[PDB]
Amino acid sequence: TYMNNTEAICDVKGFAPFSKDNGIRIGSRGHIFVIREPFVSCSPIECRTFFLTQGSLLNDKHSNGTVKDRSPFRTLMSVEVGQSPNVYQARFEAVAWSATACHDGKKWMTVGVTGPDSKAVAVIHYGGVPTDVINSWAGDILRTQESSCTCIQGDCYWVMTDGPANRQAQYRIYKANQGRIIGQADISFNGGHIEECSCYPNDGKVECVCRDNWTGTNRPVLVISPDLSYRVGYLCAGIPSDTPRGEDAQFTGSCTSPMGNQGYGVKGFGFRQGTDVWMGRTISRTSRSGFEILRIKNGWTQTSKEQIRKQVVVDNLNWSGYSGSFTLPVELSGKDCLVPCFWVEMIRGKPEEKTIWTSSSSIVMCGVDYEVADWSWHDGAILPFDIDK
C-alpha cells in the first residue's frame, strides 16, 4: 500500500527529543563507521538513519581524513533511528558520496551518486536492487540533497544539482515510481543557487528549503507540484538562517532573491506553518556550532522579523553541522497531519579539533503541541582519540 502523504504539516509549538545515537562516544571502543550526513527517513513501519561511510571505523588508521570526500569507498548505509552507525547493525544501501532516500509505503527507494566528478552516475535503488540511472547532465559533480526525499501517493520526488558549487549551477527536479524515472524538470533560477535540499510533503506538494552556496545567507525555497510545475525563490523571512551569515539587524528579507552577499553555506531546513515558518540555524553566525529553531510569524510569505518562538537543542559551546527535514508517516504517529521532524548532525574532528579524522553523530527532534525547554543534546565525545596519538 502506498503512503498518501497528502496531509497538512502539523502546526507545532516546539520540538521533543526523538533519538540520539551517541555514535562517536560509542566509537571510542566499539566498531562504528566514520560518517557524515546522518539523515532520517521513515517508512510506515519505522524511521531509519541513513549515512555516508568511508569504509572505515573510528579509532582506526583508515579513518585518516586525508582521503577525498568523493572517494571510491564512500557508501550509503542505514540503521534504525537512534542506533549508532555500527557495522553489525548496518543495512547496505548504495555506492554513494552523495545521496537521498525515502519510502513510498511499499518499499525503500534510494539514490546514490558515485563515479568521476566530470561524469558522475546516480543509481536509483528500489527494494534493495538498482532499478534506474541518471548520469551527470552538466559534467560537474552531479549531487543530491543528503536528506530524506519525498513520496506522495506512490510517486517520489527529489532535487539534484550539477555544476559549480560557488557560482551559477544547474538544478533539476526528478520524479520516480517504483525506482523508475517517470518525469523530470529543469529549475530556472538565474542569480540563484540550490544545494542539498531539505524537503517534506505538505498539502499534496513537496516543499524544500535548501542551501545557497553562492551569495545567499537566506535559504532558497522550492515548492513542487505533482506535475513538475514548481515555484522557486527564497524563504521570505527577514532573518537569515544559513552559515556563515550576518547579524539579524543588518538583514532585509526577500521572497525572490539571495540576500547577504556571502559565500559558503551549510545544509539546513525549515517548516511552513500556514504562513509562519520554523527555521533551523546554527547559533554562531560564522561557525557550525550550536543549534536553534525559530518560529517567524508570516515568515513563509512575508519579509517578517516577528520572532514568536525560539528553542535551543544544541548550545553554542558545542559543534553542530548539517540539518534536515522529514515527516512522521500518518500510519505511525496516528495523526491526521504530517508531524514535522528534523535531525541535527554534530561534527567532531577536523578542521576544528586536533585529530586525524572527522565524523558526526546526531539528535532527532519531532514537532509537538507544546513548548519545549532549551537544552543541549550535544555529541559528547572526548577528543582527541587513541589513533590521534
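Throughout, we count residues from 1 along the sequence that is shown.
Annotation for 80-88 versus 301-309: the higher mean temperature factor (C-alpha) is found in 301-309. Legend: mean Cα B-factor per stretch from the PDB entry, 67-75 versus 121-129; the higher mean is in 67-75.
Set against one another, the Cα B-factors of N190, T256, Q273, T150 in the record reach their highest point at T256.
Residue set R48, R36, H31, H62: peak C-alpha B-factor at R36 (per PDB entry).
When the CA B factors of the chain's modelled residues are split into thirds, the value for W377 lands in the middle one.
Ranked by C-alpha B-factor against the other modelled residues of its chain, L328 falls in the middle third. The entry lists a Cα temperature factor for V111 that places it in the lowest third of the chain's modelled residues. Per-chain ranking of the deposited C-alpha B factor places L338 in the middle third. In this PDB entry, the Cα temperature factor of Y234 sits in the middle third of its chain's modelled residues.
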